[PDB]
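This report concerns only the one structure given below.
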Amino acid sequence: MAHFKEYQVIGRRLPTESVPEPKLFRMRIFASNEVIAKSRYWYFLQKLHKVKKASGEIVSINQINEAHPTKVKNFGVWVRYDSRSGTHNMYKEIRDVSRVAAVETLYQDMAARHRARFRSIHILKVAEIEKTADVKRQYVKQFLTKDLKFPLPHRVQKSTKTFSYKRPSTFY
Amino acid sequence: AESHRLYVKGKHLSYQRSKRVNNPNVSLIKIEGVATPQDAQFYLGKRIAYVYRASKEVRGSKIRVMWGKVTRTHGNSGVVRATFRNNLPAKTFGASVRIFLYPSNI
Amino acid sequence: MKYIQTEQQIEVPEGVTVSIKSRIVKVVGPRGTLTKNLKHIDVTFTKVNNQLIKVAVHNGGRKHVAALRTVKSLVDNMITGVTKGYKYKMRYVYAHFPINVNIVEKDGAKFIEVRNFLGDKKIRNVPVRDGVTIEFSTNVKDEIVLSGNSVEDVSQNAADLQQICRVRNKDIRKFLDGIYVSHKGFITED
Amino acid sequence: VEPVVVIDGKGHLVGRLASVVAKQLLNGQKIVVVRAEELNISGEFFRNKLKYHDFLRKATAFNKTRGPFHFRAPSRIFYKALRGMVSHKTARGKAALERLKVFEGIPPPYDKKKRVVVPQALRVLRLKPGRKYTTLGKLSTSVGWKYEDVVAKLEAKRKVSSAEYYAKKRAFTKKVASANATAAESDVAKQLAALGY
Amino acid sequence: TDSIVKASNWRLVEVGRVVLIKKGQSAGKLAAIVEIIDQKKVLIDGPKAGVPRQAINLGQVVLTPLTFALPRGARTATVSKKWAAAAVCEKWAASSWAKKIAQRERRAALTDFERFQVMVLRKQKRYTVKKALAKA
RNA sequence: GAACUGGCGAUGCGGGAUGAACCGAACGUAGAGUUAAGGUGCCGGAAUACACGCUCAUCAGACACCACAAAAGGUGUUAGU
RNA sequence: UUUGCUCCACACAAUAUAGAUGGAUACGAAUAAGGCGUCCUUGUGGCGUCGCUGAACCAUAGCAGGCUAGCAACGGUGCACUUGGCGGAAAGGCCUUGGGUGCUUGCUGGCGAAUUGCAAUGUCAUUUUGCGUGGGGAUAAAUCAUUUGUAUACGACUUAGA
């Protein structure tokens, strides 16, 4: 489900005769589609308040597009996840051009490094790092140096045919 | 001219099949120079001839023909499905067939 | 972590010429020539100013950048061996039987011959590697000197001589007899 | 597309080359593989030698002459890999296997024919740099192949003769290229360049 | 007496490096490297060729030997101005790589009649070339 | 040895190599199309697809039922508090 | 042994094809490097250029390809002859000297084709042979039976016999 979009989901408890106009709670949810986004909304509202989908209503769901989707950003993400033997809190840094793409990278990386499935991940917070010297992971820091430039040694060229006649090279 | 060919070379690969059951009514053909279904779309409906030789002369000739035609593409790599008037004899798995340019839409 | 770029710096003294094509390094100093094949390491050599050679690993992991420092040490040892050379000193340790060490000729090859080790009637022969010179130092009792341009070959000949004089079927921490490397330095004294 | 395709096995990974050749032969293409002793297997030499020893212990208990046979030559190791990728017990599999020849070195007449490569099976393109790999000739010698030295000597002889061929070929192609360039910028050359030639 | 080290130079991923996109929506248009995301990702912009400003994998492009001065993270108008100032398109078109692409496309665009002229013209040039080889 | 339900027995078919019971799906005789479960290096029909990472094992690992593995350890390497 | 055997030529008959339909088009080595060209105070040398696929190169027009005269030039390409070499990993192929002869679409010239009826592989290849024709060449053995015992259940083995 990593064709990720971000939605704002606003919902509430159902109005009653004694309590009209409830407090209109809102969440930011990364999900593949609106159905999953509303599911995640009710999942988190059930887990933090005494409101289930039966006693409430979704007032609004809107897709939030990245404000500047074409500038490279440094993102700090806070997650809590479940391992095989406990729950843990984690902080990670992702360099990428949008929030949804950072979160996609986050899910792929948590699956790769911790075998943490989507079920097992709560994204606590995704925030742009305003400036350098606040980045704390070296794998992001090393890309922020001055006049960065590196080669890509050992280029492997795709061959459309079964046999080549030339014993190819890896120069680049 | 040293060449007189007016057909495209093809190879009869196998029958349509699952892992353990084949269907001889459909033949899988690899057309030389075709690598994508998009390219193989050109050849749908083209007549196919399998040409083979016999000792006995039948009707003024010792070389016999099995006719068929390309029906649809198969997979992602340019293989096409073909149906023949009589099914190909399965000893021809790996034999050469001729895909003609008629009927022509170009 | 796959560091983007890691480099090490190699200093080249004035009398030394290093030629590196592909990964075949040759170093030519006043005392002679050394040649090393590094084709198994996958690094990049780049000369800066005829006295400085950079060596780099691009997008390399932990063990690959450990091997980069290893390459730096190997080339440094080549240069130090063609400038000063390597000298290894061995002392003879014995409690009762004096160890008799001689240079001998069997057939076209020099052999370090060891006799009377723990009173043994066996005669131990250690081949001398090419480039390694053998001397028996005077004014110090029972010291043999290994000298050469390659620290690898000198130290391996030293280790061969030390390993061939291991004690068997005895408590070695009591029967301490042997030929042990006592000094690891250069040929020129400074 | 050629009637016979001659594959230089040097630098290829044995299993990927076997899969490619098996599909070629099953689709009715004739393949000659030369320099089987220069094939490559991923993994360290000791690992692949342990694997071959584990192969070596498997034999029919009550009669070893009917058990699995343990061929030591590099060409027969590659042929063994090709079996298992061809259903050799059928008539169609026997025909596909009869479409195949494997050699150590490059014997005649293939020594004067062009050799091709299979880039999807090339180690230099497929293996990650820094990964250990095994050479089939040395593995075969270690498990009992007898003819590594004679093959190396005879391949050196073929390589010197081929180098003389190539020096002559360089002279001729330089002559042809210089004379073609001289005849360039003529009316026919201009028109052919306009047409894309 | 002089130390010699074979450099083994590469094309470099840096801001301002000209890339040729080889597959995707553009598929054969030049773009400029605007900023480096990570080891496999960059931001490119191709305003002259109409390539949208986008973040792309380095496996989707192939670096060219062309390079021009460009500040990090430059916007699309700035890239356009610097591209025009450096005359990147002409420097590309002067390369044998670009003429190879143009020449394969021209061959693909030939008609059957044009192929017939190609055959006759090649025979004539071959006749003259063979005379030159005989004299040589 | 009991409970509820679904099955096998009484049932072929596609998949799990193989198998009463699992997954999918239940069956007149055919044609065409699309799929299920399962797959797409080769055997073997179908991408040696694309993408992000992790792992090198001188007993690697490789799919549910299912054809086992533990307590306890490692400056191996990778993320993190 | 119905005047046997064998090898070149040759027309005939069969034959049966794991599958021809322009060309299998020759360095080696490396890939965190190379190819090619050029120059020199010959190197692990300088300089330039190339790759990013064979999407190439060669070939390729003519009744499945018929009939002909020249022009610059002595080219291109078959067929037999021939000169010398080279190749033993399974060489059985590669290169070259000279003349003869056919074609040449390099260019400009001259005639024909139809009715296979609107397509039908529309037969052009490659094997193995048997019967004839006309030239060349060669002119045995093995087994049974008998015999030996270095062998042996029988076969087999090992010996001998004009």
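In what follows, every chain begins at residue 1, and chains take the letters A, B, ... in the order their sequences are listed.
A salt bridge is absent between A/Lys73 and A/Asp96; no separation between the charged side-chain nitrogens and carboxylate oxygens falls under 4.0 Å. Ion pairing between a basic and an acidic side chain is recognised when a charged N comes within 4.0 Å of a carboxylate O; A/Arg28 and A/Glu6 show such pairing. Salt-bridge annotation for E/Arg115 and E/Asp112: present, with a side-chain N of the basic residue lying under 4.0 Å from a carboxylate O of the acidic one.
Both the backbone and the side chain of A/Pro153 come within contact range of chain E, judged by heavy atoms closer than 4.5 Å. Only the side chain of E/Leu43 comes within contact range of chain A, with heavy atoms under 4.5 Å apart. Of the two parts of E/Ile33, neither the backbone nor the side chain holds a non-hydrogen atom closer than 4.5 Å to a non-hydrogen atom of chain A.
Using cut-offs of 30° and 60° for the angle between ring planes, the A/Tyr81 and A/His114 rings count as tilted.
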